[PDB]
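Examination of the molecular architecture
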Amino acid sequence: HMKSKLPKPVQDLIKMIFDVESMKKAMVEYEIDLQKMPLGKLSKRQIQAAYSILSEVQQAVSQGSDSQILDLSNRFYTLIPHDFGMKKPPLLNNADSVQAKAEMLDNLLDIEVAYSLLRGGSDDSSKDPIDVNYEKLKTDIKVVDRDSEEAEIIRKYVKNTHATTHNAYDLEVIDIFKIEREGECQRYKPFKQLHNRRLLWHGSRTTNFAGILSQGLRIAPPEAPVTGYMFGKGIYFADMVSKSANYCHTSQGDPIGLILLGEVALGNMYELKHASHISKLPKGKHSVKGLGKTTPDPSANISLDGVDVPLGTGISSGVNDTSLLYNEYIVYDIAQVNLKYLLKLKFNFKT
Ligand SMILES: O=c1[nH]nc(OC[C@@H]2CCNC2)c2ccc(F)cc12
């Protein structure tokens, strides 16, 4: 092939995000049976149907036994095959079981997107597949220069917002990319001047990123159980890098993660301390803020292209009986996000 003139970091990013074997590995991690439900047989309607059954299982547990539950739990396993051999699979009988399976289905949706991009499309040997795959993202990806002002600000954000309670690892920024999802800026226009626009973190596993860059960050579908998400079906962000970085699900086999920085249009925040499984905001509110016990020092907010960057070190928020150790931000309309940066991170696991 012609060999590809994309910068080396952008090429390594494309290789990571389209890696078929990482997809399979993520699926086997969820205890999916690849013999019965392989990567290519995965589809939107089957995932949607699984989401619905999980909503039924949600319904049964809300209103209380292990007898009428058994049936609903088995029906989940009928739609998404799990690898339990000659089995009896574990009973899905509580809220933890529902959260956990709904998070799996979120990820399968993005893996299906990634694989459909690979299998749709044309085959041409004289093109570098790195170039072919890049183009399917419909995203401009540029390397940010290590000495720029924006680089300095990003690395400070990363440097100051690592929580003491997440000290089992630390992070080094390997590559910073500036990203522009096609049409996203246009989508964001109504919100672009809104008050309380903040640059915030979103971590996800690497096998979601092809999906995220082609479709943007998305809200879970109507079929998904709203109870499987602490603040219901929105798009979730943190102001502490380590809280988002935990969602990369890195470890000691797969050490590199990917994390986003988006401009999020929060406007009037609906401030909450505990789980609230809403599907719409109170009139007048534009976001939810889950109130952390600790917050980036508000005095240290700095500005980057007109957006607040809450990069102060963590201090007491003053909030008392909250479920959350750190802040969480949730929007409920996809147009309130404009993705700005993508970081490739190395996790140094101290344990
Ligand atoms: O960076 C983040 N990535 N993903 C998060 O959540 C993914 C699942 C959907 C919301 N609950 C779990 C998530 C939830 C809270 C938060 F502050 C950050 C993040």
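So, about a negative patch on the surface. On the surface, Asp145, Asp147, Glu149, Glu152 and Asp305 cluster together to form a negatively charged patch. You can see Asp145 is positioned in the loop between strand 1 (139–143) and helix 7 (149–160).

This next bit is on the sheet that holds strand 8 (residues 292–296). Judged by pairing direction, the sheet is mixed, and its three strands sit side by side in the order 11-8-12 without closing on themselves. The open sheet terminates on both sides in strands that have one partner only, identified here as strand 11 (314–316) and strand 12 (324–326). Strand after strand, the sheet turns through a mean of 30° between neighbouring axes, direction not considered. Note: strand 8 against strand 11, three bridges, orientation antiparallel. Within the sheet, the bridge partner assigned to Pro296 lies in strand 11 and is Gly314.

Moving on: the UniProt feature "active site" in the chain. Summarizing the sequence annotation, UniProt attributes the feature "active site" to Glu328 in the numbering used throughout. With respect to the helices, strands and loops of the structure, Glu328 is situated in strand 13 (residues 328–331). Those residues in contact with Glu328 that sit more than four places away from it in its chain are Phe231, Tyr236, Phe237, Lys243, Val288, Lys289 and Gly290. Among the polar contacts made by the side chain of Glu328, one reaches the side chain of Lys243 at a distance of 2.9 Å.

How each quantity is defined
- Residues numbered from 1 in each chain as written, not as in the entry; some residues may be left out.
- Heavy atoms only, no water.
- Patch = residues over 30% accessible without salt bridge, like charges linked within 9 Å, V, L, I, M, F, W, Y side chains within 5 Å.
- Areas by Shrake-Rupley, 256 points an atom, 1.4 Å probe, with all protein chains shown as cover.
- Salt bridge = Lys/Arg side-chain N within 4 Å of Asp/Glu carboxyl O.
- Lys, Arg positive; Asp, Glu negative; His and termini not counted.
- Charge placed at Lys NZ, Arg CZ, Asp CG, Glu CD.
- Helix = DSSP H or I, 4+ residues; strand = E, 2+ residues; numbered from the N terminus.
- Pairing = 2+ DSSP bridges.
- Axes fitted to C-alpha atoms, helices over the stretch in contact; angles between N-to-C directions.
- UniProt positions renumbered as here; feature names shortened; annotations may be inferred.
- Contact = heavy atoms within 4.5 Å.
- Polar contact = N/O pair within 3.5 Å; in protein donor to acceptor, adjacent residues only side chain to side chain.

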